[PDB]
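Student: Quick one: this structure, given as structure tokens, is what I'll be asking you about.
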Amino acid sequence: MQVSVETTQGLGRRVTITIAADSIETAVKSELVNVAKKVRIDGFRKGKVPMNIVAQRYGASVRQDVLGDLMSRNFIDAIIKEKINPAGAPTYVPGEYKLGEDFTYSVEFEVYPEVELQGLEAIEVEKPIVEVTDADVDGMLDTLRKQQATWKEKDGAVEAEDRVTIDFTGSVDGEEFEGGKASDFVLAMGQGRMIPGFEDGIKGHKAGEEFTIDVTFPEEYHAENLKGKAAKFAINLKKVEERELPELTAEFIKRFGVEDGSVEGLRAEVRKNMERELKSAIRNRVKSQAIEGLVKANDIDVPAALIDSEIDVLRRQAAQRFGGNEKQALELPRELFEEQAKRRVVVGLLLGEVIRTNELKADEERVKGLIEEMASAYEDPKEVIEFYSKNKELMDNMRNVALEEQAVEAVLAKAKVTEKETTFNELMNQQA
């Protein structure tokens with residue numbers, strides 16, 4: 001086989017190959033005899049006519065599949081001896097075929113890119129020293145009770161968090177504006193649903209009195225004819241409620257999955273859950289930092305085929321949530337994932353060069369542990385493990401998950417890892 005290579009653009013390449021007329025004729029002959037064996041007719045052959053002539057007389061129905069099998073077999077040899085490593089699926093491109101003659105074709109593709117891991121020691125990773133304190137647990141419970149609370153009522157103390165019903169009108173300086181039309185409106189203060197300052201003035205009035213308050217619009221208010229300007233409000237206070245942290249009985253505390261309605265048990269529920277949250281936040285804070293460092297210091301050429309497939313993967317994961325619409329995901333506009341797609345492909349090629357350099361292997365003891373954490377959430381962990389173990393498909397993936405954590409640590413190692421104390425809330429900032 002005669003094989004020439006060509007560099008096209010960036011990672012692009014074009015391998016050209018030429019199969020010999022006779023290599024084709026031989027493959028025809030073979031495919032003919034196989035089809036015959038598979039159909040159980042090989043035995044009726046008598047040799048009256050040699051195999052190189054039946055091929056020349058009955059090879060027709062076999063040609064195309066043959067030529068296609070040859071283009072593939074030959075292309076994989078070629079990139080195995082030239083050591084070429086295509087990224088994504090190649091693209092065959094045949095020239096024309098002249099019956100009985102040689103055949104040349106091309107295969108276009110992009111190769112993985114060479115990676116020179118830089119700045120590893122320049123990357124800085126801040127490791128938070130946190131803990132869930134009694135102060136926290138207390139807060140959370142307070143939140144729970146507030147979540148499912150009851151709107152009681154009082155009279156004469158519009159506190160900072162009460163709910164109130166009102167009628168209002170706004171006067172810029174002696175004029176009512178486009179809005180300010182309030183007919184028995186309900187406002188649960190403390191949530192900043194109103195202009196800042198607005199509800200801070202109503203924090204005194206009695207459950208029934210009327211009064212006027214001064215307020216200013218933020219400078220970037222959408223109403224260009226109100227932003228910045230000062231106004232006054234005619235507030236009609238006719239109701240004043242007070243969220244009353246309800247139930248704390250078994251019917252409540254065990255509603256949170258705490259079998260024995262013991263308050264000492266709701267705390268350990270909340271406690272244990274918060275600590276589980278924290279554990280995850282930390283792993284994210286550390287991991288995201290390391291990875292940002294890695295990506296920022298190593299800009300590399302990303303092959304297109306790879307990016308495409310990650311978009312598809314991202315679109316299918318999007319459909320699956322979008323009520324699931326198999327192959328309606330191929331429909332979601334490309335540029336909606338393009339960016340983060342190219343980002344996964346990059347983090348992968350980089351954490352990959354990290355794996356190569358350090359010749360890392362999926363640590364099976366870790367893989368087992370991952371499988372346990374995972375199984376830990378079901379009624380019977382043992383059966384999930386017995387199931388997972390026998391299925392080499394879910395296993396290799398769980399190896400890749402372990403391998404990836406390992407590739408991270410091998411960056412966290414060679415890196416300026418500072419370290420500081422901080423709150424639970426600081427780490428509860430898993431916004432992105």
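Labeling convention for the structure tokens: chains A, B, ... as they appear, residues from 1 per chain, ligands from 1 in order of appearance.
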Could you list, as a list in words, every residue within 8 Å of residue A:20, counting only C-alpha atoms and ignoring same-chain residues fewer than 6 positions away?
Tutor: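 Using only C-alpha atoms, the neighbours found are residues 1, 101, 102 and 103 of chain A.
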Student: For stretch 63-170 of chain A against stretch 269-289 of chain A, with a cut-off of 10 Å and counting only C-alpha atoms, what is the closest atom pair and its distance in Å to one decimal for every residue that makes the cut, ordered by chain and number, as CSV?
Tutor:
residue,atom,partner,partner_atom,distance
A:123,CA,A:289,CA,8.4
A:124,CA,A:289,CA,7.5
A:125,CA,A:289,CA,5.8
A:126,CA,A:286,CA,6.9
A:127,CA,A:286,CA,6.0
A:128,CA,A:282,CA,7.0
A:129,CA,A:282,CA,8.9
A:130,CA,A:278,CA,8.1
A:131,CA,A:275,CA,7.6
A:132,CA,A:275,CA,6.1
A:133,CA,A:271,CA,8.8
A:134,CA,A:271,CA,8.5
A:136,CA,A:271,CA,8.5
A:137,CA,A:271,CA,5.9
A:138,CA,A:270,CA,9.3
A:140,CA,A:270,CA,7.4
A:141,CA,A:270,CA,7.5
A:144,CA,A:270,CA,9.6
Student: Please extract the residues of stretch 183-379 of chain A with a backbone DSSP assignment of alpha helix (DSSP H) and present them as a VMD selection string.
Tutor: chain A and resid 198 to 201 250 to 253 263 to 297 304 to 319 338 to 357 364 to 375
Student: Hey, which of A:117, A:158, A:230, A:410 ends up closest to residue A:172? Count only C-alpha atoms.
Tutor: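 Using only C-alpha atoms, the shortest distance to residue A:172 belongs to A:230.
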Student: Check which residues of stretch 76-194 of chain A sit at most 12 Å from stretch 56-66 of chain A using only C-alpha atoms, and return one row each with the closest pair of atoms and their distance in Å to one decimal, ordered by chain and rising number, as JSON lines.
Tutor:
{"residue": "A:94", "atom": "CA", "partner": "A:64", "partner_atom": "CA", "distance": 11.7}
{"residue": "A:97", "atom": "CA", "partner": "A:64", "partner_atom": "CA", "distance": 10.3}
{"residue": "A:98", "atom": "CA", "partner": "A:63", "partner_atom": "CA", "distance": 11.9}
{"residue": "A:99", "atom": "CA", "partner": "A:63", "partner_atom": "CA", "distance": 9.8}
{"residue": "A:100", "atom": "CA", "partner": "A:56", "partner_atom": "CA", "distance": 9.1}
Student: To one decimal place in Å, what is the distance between atom CA of residue A:260 and atom CA of residue A:246?
Tutor: 18.5 Å
